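Here we start with a single chain on its own, the form deposited in one PDB entry, put down as structure tokens.
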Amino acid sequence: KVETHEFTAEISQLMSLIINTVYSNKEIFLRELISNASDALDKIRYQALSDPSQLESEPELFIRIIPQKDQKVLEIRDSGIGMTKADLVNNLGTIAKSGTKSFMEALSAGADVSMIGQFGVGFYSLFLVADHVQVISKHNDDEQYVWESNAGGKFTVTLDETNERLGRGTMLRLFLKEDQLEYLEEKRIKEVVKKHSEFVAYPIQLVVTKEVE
């Protein structure tokens, strides 16, 4: 059951700008998504300080990076607070109208794209390396949903009947551009994490698939 929605115009504008930019330091996308994951984990930790049972849906707090070489997909999963269906529509398709406009104005003045996080819209940096994204999310007391975008003007939200259960949290599935496949490689991912994400309160786990010989 696929619900189609339209992006706020200025979010559409910024996705188009990012997906087309030729910026040469695209690895900063991973810092931004890890920072979003850490923020989500902060929120469930805050709730769990009052009510520890909120952790029981997924007791381990983590950020996990899962390259899917066969699919040309990079997944970034967290066990943070997650997003409801209404959140997905609101958080990703509408709110952040302010940050997107201020950031585009800053770009026109000469700002570096790596400053995107300071306007609160670092999520959209994923379009530096991906042309399509699914956001799978599960909030306590709500169902698991999938939000899907191709940087155009429409997104969809669907009850998730096809992905692994998250327990609680969010998984971004980045469909990488054909010239950005370096970010499926263990060595490259490690380099970028160590360079830009040294001060993160949660374990950053990398899933590596190796042949037994």
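In case it trips you up, residue 1 is the first one in the sequence shown, and so on. The term rigid core refers to the maximal set of C-alpha atoms that superpose within 1.5 Å between the two forms.
Form deposited in another entry: not shown, discussed below.
Of the residues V113, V135, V73, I76, exactly one exceeds or equals a 2 Å C-alpha shift between the shown form and the other one once the rigid core is aligned, and that residue is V113. With a cut-off of 2 Å and the rigid core superposed, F155 has a Cα displacement that reaches or exceeds the cut-off between the shown form and the other one. Relative to the superposed core, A86 undergoes a Cα shift smaller than 2 Å between the shown form and the other one.
Relative to the superposed rigid core, the position of the CA of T21 differs between the shown form and the other one by 2 Å or more. Distance between the C-alpha atoms of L33 and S114: longer in the other form than here (change of 3 Å or more). Distance between the C-alpha atoms of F103 and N36: longer in the other form than here (change of 3 Å or more).
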